[PDB]
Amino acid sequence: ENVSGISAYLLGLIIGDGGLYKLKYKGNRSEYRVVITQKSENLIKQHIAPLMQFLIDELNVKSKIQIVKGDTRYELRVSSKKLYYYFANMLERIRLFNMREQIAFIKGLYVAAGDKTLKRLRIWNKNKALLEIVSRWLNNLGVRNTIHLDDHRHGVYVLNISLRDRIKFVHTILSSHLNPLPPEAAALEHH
């Protein structure tokens, strides 16, 4: 499914560089936000926003995509109870992702929280349970990896992908045409 793949990709970005927020305001007012932030304006507008917009249209979500410029980064934001729960329930059921969704999610998580040099293959996150799920998926895909506490200070774990399986990881996972290619993977393929 094209929509489930894009969805899993976006969830990867949300988990890695954004979030899902249920806000309560003065006067019993409220808001539900789907958020992805990124320093690069181009990435948010040229790569991420069009995918989100496709999803919004497919799901008949009436809300608009907002791009807010902040001091340190751009924010892509959709204010939508419907889209919020769509992603929050998907995240709840993450262990049940099929292979396609797994790969889309890993791509997204990597763009957001991965080692972009690709000299080493690493993903940082404070959620060990999350990295452990990804570890299992990678193993099933034949990509060896380890999880260690990379930063004792702030308690951020790292998922290190064995360079023995660099080709398999990059070609089979980052470069799968089953769903949107991460920018650096698209570049490699077009050379």
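In case it trips you up, residue 1 is the first one in the sequence shown, and so on.
Between the stretches 156-164 and 32-40, it is 156-164 that shows the larger average CA temperature factor. Averaged over their C-alpha atoms, the temperature factors of 13-21 and 169-177 are higher for 169-177. The residue among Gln53, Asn60, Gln66, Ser135 whose C-alpha atom has the highest B-factor in the PDB entry is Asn60. The residue among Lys82, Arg120, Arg93, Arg73 whose C-alpha atom has the highest B-factor in the PDB entry is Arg120. Among the modelled residues of its chain, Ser4 has a C-alpha B-factor that falls in the middle third, as given in the PDB entry.
In this PDB entry, the Cα temperature factor of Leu131 sits in the middle third of its chain's modelled residues.
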